[PDB]
Every structure is written in structure tokens, then in C-alpha cells.
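Given as C-alpha cells, the chain that follows is alone and in the form deposited in one PDB entry.
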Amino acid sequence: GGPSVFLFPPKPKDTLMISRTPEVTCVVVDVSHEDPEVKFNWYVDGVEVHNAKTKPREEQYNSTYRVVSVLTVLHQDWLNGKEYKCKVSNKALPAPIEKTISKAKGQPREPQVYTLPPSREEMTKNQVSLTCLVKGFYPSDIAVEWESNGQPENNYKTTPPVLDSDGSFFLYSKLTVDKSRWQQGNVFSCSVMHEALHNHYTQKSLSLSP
């Protein structure tokens, strides 16, 4: 049919905290039933390391399969822009398909975090909007979360990174809360994880004036 490959980068959060594990997925689509014999081969700066592991395919319920491999990586490795090449061999595919990825190039720029109170003209509604504006950062790989009293709030959405005119990125994070718990003077905070921050983590709190 049409076995094409797709290489994906690790998650931003995973390369910043050594607690978690950053990976490179090498998803191969449209695998034929006939010859489902797909092989993999990794290269770290064309050095070919060994440690990756494969997975059990699935049925794309459209007469095709979908194999996918994943290779673990060192946090500093990936951060220092090394290359990750994933070659997808095959016994029934024209030739050796390949793809490579690495982190965006350029000097990391430190994000500037600001929290914004909900507009008074929203006080009427039953729920208000807490706003976290993260701008001026490079590269765009970033993570955002909101919390309260150490506990993690989950009713929020974050717009993806947007290229600014100066070449850095920005985004907004919106947290939704019952108007009541905002007048009570509760405290909410925006957390931003990024390689350019000291200790890869910054936090700016948001609360009511009186």
C-alpha cells in the first residue's frame, strides 16, 4: 500500500526533569498485511546506539497496520541539540526510508511570566478566567500548569506557542474557576517549565486584591 514513516520529538516536560523519561517515537503508518516485516535502526549523530525497543502493531481498521518504535534519550543529550536518526528498513518497501530530528537551534531565551486577573466585566458570569501570559521564550518547547495550595487545578487550557515578531514565542494559559472561590481570596499559581529558566521552573501566583 504505502508504508511511510513519521519521527516525533520528546515532550518538553520530559527533557527538563530528570525524574521523567524523554523518548523519540518513530511511528510507521500503513503497514501491509502481506509483508508486515518492518525493521528499525537508530543513530545518535550517526553513531548508531543500541537500547531502543519496538512495539506490537495494531489494525487501522482500514485494511492497514501501524508499527511504532521508541528510543530513550539523555536529557542533556537532546538539549545540546544532538541528532536522532530513525531508519525504517523493510522487506517489501522500495528502499530504506529515513527521518531525523533534533531540538530547535538557537540560543534559549528566558520566558517572562505574568498572571492576569479576570476582567470585572466577567464577574457577572458564574465562572471567571485566570490568565497566565508567557512570552519572549526560545525555543518553543514549553510546559504550563496551574495549582492551588500545592494541589493541581485541572480546569485549564493553554494555547499553543506563537512566534512573535522578535523571533521568540508566547502563549496564554486560561484557568477557569467558580467566581466564588476567587473573591474568597484563594491563591492560584501558574507554573512554567522551560530550559531557559533557573532550575527549569518558574512560578507566578495569582489572587484577589482585597
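Residues carry their position along the shown sequence, with the first being 1.
- Higher mean CA temperature factor between 65 to 73 and 138 to 146: 65 to 73, per the PDB entry.
- Comparing 23 to 31 with 155 to 163, the higher mean C-alpha B-factor in the PDB entry belongs to 23 to 31.
- When the Cα B-factors of 108, 81, 94, 118 are read from the PDB record, 94 comes out highest.
- In this structure the maximum Cα B-factor among 112, 102, 127, 90 is found at 90.
- In the deposited entry, the Cα temperature factor of residue 174 sits in the bottom third of values across the chain's modelled residues.
- Looking at the C-alpha B-factors along this chain, the one for residue 168 belongs to the lowest third.
What comes next is about the form deposited with a partner chain bound, which is not displayed.
- Residue 75 belongs to the set of residues with a heavy atom inside 4.5 Å of the partner chain in the deposited complex.
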